[PDB]
Structure formats: structure tokens, C-alpha cells
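Below you will find one chain, with nothing else, as C-alpha cells; this is the form deposited in one PDB entry, and questions on how it binds or moves follow later.
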């Protein structure tokens, strides 16, 4: 594999390890991966990080009662661009009624970009992904990893 491909694999490994840990601990999380539609307008609403990705940094961002935990992390390739970002809220009727703002924000950004957003529920620990206006819930660890690899 090329350096670009190896870097992508390392970033996938960092994301999945972080998400798997937050799911086990019921740590709510909202992580949007920019794709070909630029998300600068949303990145600029958060706290700039421009940080190398690591599982450790991803988890710490979302620890409850901390400055960075409310709002979305937006990643650009192999960097965490910003945290505590605003995303627009979807009004889609296909969002389970019991779900809160993180899931609605994820679907919302997925309606106006080609990004992939991962959500961890603080209520159940369930992991979901929003893409192209659809929310896919209750993902296994294997399914999430495959989704990211395909992305």
C-alpha cells in the first residue's frame, strides 16, 4: 500500500478504537468525516485544533462536562480540524423519535454534504452512521469498520 493508504488505515484504526471505547462507556459522541463536499463553514464554528488524529484525543474530546464535548468533531483526512462544531438539525421524519440532538445534527449535515458522521448514543451506547440523509443504527464494530474502509 502507498503512504496515503497506510495513513488512511491508521486513521480508521484510531477512529474505530475511540468509537468502540465510547460505546462501551456510553460516552455520547458526534464525529463527522469530511469527504468531497467541503465543510469549512461548519469547521469555522468550532474550536480549531488541526490536530493529528489519535484514539486518545478523540475520546478525551467527548468526556462529559468538558469544554470540547458539546458539538461535533469534524475531521479532514488524517486530522481533527475542529471540535464543538455546529451542524444543522435535520427535520427528517425517519429519525427515531427517542433520539436527541446529536443524531439530528448528524442526519442534518448528511443532507447537505457527502460526509460520513458517526454517532454514539449516551443513552444506549449504540453506534449509528448518517450518510446521504439516512441514519443507520445499532452498528456492530465490524460493520462500522467496513463502512469506513468503503468510504
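In this text, rigid core is short for the largest set of C-alphas that superpose within 1.5 Å between two forms. Positions refer to the first chain, counted from 1.
Item checked: More variable segment, 80 to 88 or 93 to 101 [Cα RMS over structures in 8 other deposited structures of this protein, core-superposed] -> Larger mean C-alpha displacement, comparing 80 to 88 and 93 to 101 in 8 other deposited structures of this protein, is found in 93 to 101.
Next item on the list: Name the higher of the two by mean Cα B-factor in the PDB entry, 65 to 73 versus 122 to 130.
Entry: Of 122 to 130 and 65 to 73, the stretch with the higher C-alpha B-factor average is 65 to 73.
Item checked: Within-chain third of residue 39 by Cα B-factor, per the entry -> For residue 39, whose C-alpha B-factor we compare with every modelled residue in the chain, the answer is the middle third.
Check: Which third of the chain holds residue 19 when residues are ordered by C-alpha B factor: lowest, middle or highest?
Finding: Ranked within chain, residue 19 CA B lands in the lowest tercile.
Margin query: Ranking the modelled residues of this chain by C-alpha B-factor as given in the entry, is residue 104 in the lowest, middle or highest third?
Written below: Middle third.
Note to self: Sorting by Cα B-factor within the chain, modelled residues only, which third would residue 84 end up in: lowest, middle or highest?
What the structure shows: Within its chain, residue 84 is a middle-third residue by C-alpha B-factor, going by the deposited values.
Notebook entry, point to check: residue 135's Cα B-factor: lowest, middle or highest third of the chain?
Noted result: CA B-factor rank for residue 135: lowest third.
Quick note: we don't show the form deposited with a small molecule bound, though the next part is all about it.
Item checked: Interface membership of residue 99, the small molecule in the bound PDB entry, 4.5 Å heavy atom rule -> No, residue 99 sits far enough from the small molecule in the bound PDB entry that none of its heavy atoms falls within 4.5 Å.
Check: Does any heavy atom of residue 33 come within 4.5 Å of a heavy atom of the small molecule in the bound PDB entry?
Finding: So residue 33 counts as contacting the small molecule.
Item checked: 4.5 Å heavy atom contact, residue 15 and the small molecule in the bound PDB entry -> Yes, contact at 4.5 Å.
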